[PDB]
Amino acid sequence: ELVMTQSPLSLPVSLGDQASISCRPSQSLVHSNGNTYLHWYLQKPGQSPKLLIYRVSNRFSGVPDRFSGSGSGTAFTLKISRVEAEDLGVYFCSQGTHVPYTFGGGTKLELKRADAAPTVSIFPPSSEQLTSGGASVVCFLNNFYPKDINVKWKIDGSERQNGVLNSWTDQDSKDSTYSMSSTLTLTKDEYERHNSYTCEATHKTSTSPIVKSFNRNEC
Amino acid sequence: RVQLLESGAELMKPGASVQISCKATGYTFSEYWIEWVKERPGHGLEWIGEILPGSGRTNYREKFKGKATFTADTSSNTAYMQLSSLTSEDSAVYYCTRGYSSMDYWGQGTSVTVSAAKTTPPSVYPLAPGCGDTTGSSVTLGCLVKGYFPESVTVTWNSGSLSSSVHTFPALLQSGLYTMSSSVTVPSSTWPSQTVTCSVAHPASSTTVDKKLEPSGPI
Ligand SMILES: C[C@@H](NC(NCC(O)O)Nc1ccc(CN)cc1)c1ccccc1
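Residue numbers (the authors' numbering), protein chains in the order written: chain L, 1 to 27, 27A to 27E, 28 to 214; chain H, 1 to 52, 52A, 53 to 82, 82A to 82C, 83 to 215.
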């Protein structure tokens, strides 16, 4: 059905900056009635989406003037002539022309700051936990920027994908930074079969991972 | 003022049916479609369907036919969505929205969590350096707050340590159970010289667990 491709998935801006979000629907959105049901929403964290612009270019009541939309055929743009704090969130285009109504994947409008590398901290399973037959290895990757980060776990130098649960905070209100934990969960027995436990963070600020590591036998 | 008031959070056994309500006030209810939309982390906004109260005209997103049922009572001004055969894939926030040409007003959303689990207080595991390291000038500590149900929990560090040095990692639902963590960073001039404690409130089990952070091994 109607795929709505929004780029970019992430728009860092400084407040006051202009912002442009593209929405490329996979077909024209002109209804038989001649209207074009291309709309734009914002959802802020903790909140429900809200309509911003309906039928390509009309601003829904109460929507700030700095918001305008344009486009036609398969290219539609939301524009925020000057990004203000209140405008931060996930913007979604949407076509209401064809059933089923669809939405773009979202564009997260957030604050741009200087690239920052993660402070990586790795912790072995606690004795409290191991006592119960579980073993969670935790890696905090704190206060980095941009949001994009890739974390690789290695157990004795071989990558481990399974067991890994990653959780990002949302953008820090104070430093515009992101954090994430990555938890590698094993049985005590899996855990106890190996020595070298490595959390590797790949991020923009680095042409090679931040590697954080422990050996079970030194811990 | 157009308001759509949804029913409260649902905790549902797999296989159960839930019926979400949506109370529409501020306008003429049988004049507008009510849309139902699904939002599930990492799945953007997925339309489920619509119903036109009074006329019972519905549209359903294809793969929701057989799963979602919409009903609307023009007398109560309430629309309802039933979802039957609940599985972990249906764990999401559901929205009703007023629809006509866009989805111009949304409900606050209804969160549905599917889970077999009994109310489980979290196991709380300290995350402190060990492994024979020397601390830098700052030390990152944490608590891994594992296997609870339901949401949510509150991690608080020495009561007022969100000074702010704290990262709370949103909880992730994994096999009907939750795990979150929380990091804190303090100068090592302060730790372990002084007491750092994570206090983990799990209201839903009338459970609070304080865990003193101590070196997990030689430092
Ligand atoms: C009035 C509205 N009709 C309608 N359903 C009719 C039906 O399928 O039986 N609902 C509808 C359409 C789009 C949206 C949008 N984002 C919300 C509700 C509509 C009709 C014709 C063109 C465009 C919109």
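Here a beta-carbon is modelled for each residue, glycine too, at the ideal position from N, C-alpha and C.
In terms of side-chain proximity, the C-beta atom of H/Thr150 is found no nearer than 8 Å to any non-hydrogen atom of ligand 1. Every beta strand (DSSP E) of 3 residues or more that sits fully in the segment 106 to 171 of chain H is shown, in chain order, as 106 to 110, 119 to 123, 134 to 144, 150 to 153, 162 to 170. Contact between L/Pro40 and L/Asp165 holds, since their C-beta atoms are separated by about 6 Å, short of 8 Å. The segment 60 to 68 of chain H makes no contact with the segment 107 to 115 of chain L: fewer than 3 CB pairs, one atom from each, lie closer than 8 Å. Every residue whose Cβ sits closer than 7 Å to any heavy atom of ligand 1 is listed here in chain order: L/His27D, L/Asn28, L/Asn30, L/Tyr32, L/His34, L/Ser89, L/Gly91, L/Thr92, L/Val94, L/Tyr96, H/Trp33, H/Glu35, H/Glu50, H/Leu52, H/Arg56, H/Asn58, H/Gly95, H/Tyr96, H/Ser97, H/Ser98, H/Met99. In the three-state DSSP reduction, L/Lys183 falls in the helix class (H, G or I). Per DSSP, L/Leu27B is not a residue of any beta strand (DSSP E), being assigned neither H nor E.
Residues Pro117 of the same chain have their beta carbon placed closer than 7 Å to that of H/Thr203, with the five preceding and five following residues left out of the count.
In this chain, the alpha helix (DSSP H) harbouring L/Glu123 covers 122 to 125.
According to the DSSP assignment, H/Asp72 belongs to the beta strand (DSSP E) that extends over 67 to 72. Look at H/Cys22: its C-beta is not under 9 Å from any C-beta on chain L. Distance from the CA atom of H/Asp206 to the CA atom of L/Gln124, rounded to whole angstroms, is 15 Å. When Cβ-Cβ separations below 9 Å define contact, H/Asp100 makes contact with chain L. Around the C-beta of H/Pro41, fewer than 16 other C-beta atoms lie within 10 Å, and the residue is accordingly described as exposed. Here H/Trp102 has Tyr91, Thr93 as same chain residues with Cβ atoms under 6 Å from its own Cβ, once five neighbours each way along the sequence are excluded.
With a cutoff of 9 Å on beta-carbon distance, L/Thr31 and L/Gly99 are scored as not near each other.
For H/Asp100, the uninterrupted beta strand (DSSP E) segment begins and ends at 99 to 102. Residues of the segment 152 to 167 of chain H with a C-beta less than 9 Å from any C-beta of chain L: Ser160, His163, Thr164, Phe165, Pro166, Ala167, listed in chain order.
In the three-state reduction of the DSSP assignment, L/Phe55 falls in the coil class, being assigned neither a helical nor a strand state. Within 10 angstroms of the beta-carbon of H/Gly138 lie 16 or more other beta-carbons, which makes it buried. Residues of chain L with a Cβ closer than 8 Å to the Cβ of H/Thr136 are, in chain order, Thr114, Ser116, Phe135, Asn137. The DSSP-derived three-state label of L/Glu81 is helix.
When the alpha-carbon of H/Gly105 is set against those of H/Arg60, H/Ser7, H/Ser212, the nearest one is in H/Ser7. Around H/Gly128, the same chain offers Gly213, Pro214, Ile215 as residues with beta carbons nearer than 8 Å, after the five sequence neighbours per side are excluded. Chain-ordered, the chain H residues with CB closer than 9 Å to the CB of L/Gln124 read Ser119, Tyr121, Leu140, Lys142. For the pair L/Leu83 and L/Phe55, the Cα-to-Cα distance works out to about 18 Å.
Interface annotation, H/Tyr32: not in contact with chain L, CB-CB separation never under 9 Å. Counting C-beta pairs closer than 8 Å gives three or more between the segment 148 to 161 of chain L and the segment 180 to 199 of chain L, which meets the contact rule. Across the structure, H/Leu11 and H/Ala167 are spaced so that their CA atoms are roughly 16 Å apart.
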